[PDB]
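Following this are structure 1 and structure 2, which are two forms of one protein chain, each written alone as structure tokens.
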Structure 1
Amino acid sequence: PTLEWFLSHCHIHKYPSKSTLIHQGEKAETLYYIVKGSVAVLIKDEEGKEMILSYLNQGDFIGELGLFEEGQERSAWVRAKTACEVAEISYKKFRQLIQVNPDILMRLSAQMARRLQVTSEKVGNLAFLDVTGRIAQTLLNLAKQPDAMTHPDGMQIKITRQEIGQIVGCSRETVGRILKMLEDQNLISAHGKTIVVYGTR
């Protein structure tokens, strides 16, 4: 399949858990593709707080927002979540490749298009909702996220309050008090391993 033409030119490498895959600011060097495992992508403010903006899992393409112009600094931080294998090709060679088969360039644009639907939703969520709203919404998202392991009354996830405050944009104390709130209503069962129960699965 078309993928294998790229995945052959693209050098697979092992990256351990927590291993800072890409750093913000550097200069657009390679094009990356996750052949096993997962990744987190985050930015930080005036200086200090990091905020997650997306994860990405098997089959995505990291760092492609340079590719179409020259001299772009890295957009943001990309830090491995679980250990993963991120294969890669040099920008210059990607282009030459695009012409010998452009239906992978097609496949890239797909991700570069959907990621902005998701991201424009985010602006939505941080402008129109309040933290309880964002949290509730996010838990549903994460249930959808491939990470989840089923539990006989809803999708299970083992994430942490610190991280929710980080995706949600709020101090982890408020995560503590709201996750408690949605528990004393039966929307949530929660001990480190959280299960947001919506019935159906």
Structure 2
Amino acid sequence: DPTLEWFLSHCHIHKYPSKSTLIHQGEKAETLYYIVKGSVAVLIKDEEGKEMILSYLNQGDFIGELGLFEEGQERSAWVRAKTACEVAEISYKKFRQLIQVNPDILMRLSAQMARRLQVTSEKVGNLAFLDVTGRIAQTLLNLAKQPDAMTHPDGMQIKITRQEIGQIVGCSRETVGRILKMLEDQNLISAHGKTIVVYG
């Protein structure tokens, strides 16, 4: 679409390599990111330093927006690159202007925040409402049904560690494994190493 590239045309593009960190939690916020390609993980931590993945984001997504509507906003979470990334960046100040000349961009952003509020709210329910098994199961279905999931005679195949699965559903790595083994004993999946086949 036009408008997207007018905005882009006003951003510095940057690349980050997998595992690097685009946004530092609690730092002062003055920039807005747009992921042109690649994948990132928004994550929060606890005192011990244990992590909690609040969400993933991909091509198309805006990052670093929450601290865009009030002076002295600090970053709410850390943003790490899931994969190699190309991210458009633009100053808050600069961006603000674009809006004035074009209120569509601001609308498009807000839609994304709107969508996010739903997922996070949904995720709040999930924890309050489902057990780890239940949560883990759901996570395997979503992943398994994504663009990156792979094809497999018996269903769809995903690749991920029991560590990162635990930081998505909010449980310990040991608990993921005990449950992954139970899900296999129930013939729902087959898991070898980081590879897991969700049957279908």
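Heads up, when I say rigid core I mean the largest set of C-alphas that superpose within 1.5 Å between the two forms. Structure 1 provides the reference sequence; residues are numbered from 1 along it.
**Student:** Picking from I52, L56, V175, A143, which residue has its CA shift by 2 Å or more between the two structures, once the rigid core of the two forms is superposed?
**Tutor:** By this measure, the answer is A143.
**Student:** Take the rigid core as the frame of reference and indicate whether the C-alpha of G25 shifts by 2 Å or more between the two structures.
**Tutor:** Shift of 2 Å or more: no.
**Student:** After the core is matched up, is the C-alpha of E163 off by 2 Å or more between the two structures?
**Tutor:** The answer is no, as the C-alpha of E163 shifts between the two structures by less than 2 Å after core alignment.
**Student:** Any CA movement of 2 Å or more for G154 between the two structures, core superposed?
**Tutor:** True for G154: a C-alpha shift of 2 Å or more.
**Student:** After aligning on the rigid core, report the distance the C-alpha of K193 travels between the two structures, in angstrom.
**Tutor:** So the C-alpha of this residue moves 4.9 Å.
**Student:** Give me the C-alpha shift of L108 between the two structures, core superposed, in Å.
**Tutor:** Rounded to one decimal, the shift is 0.5 Å.
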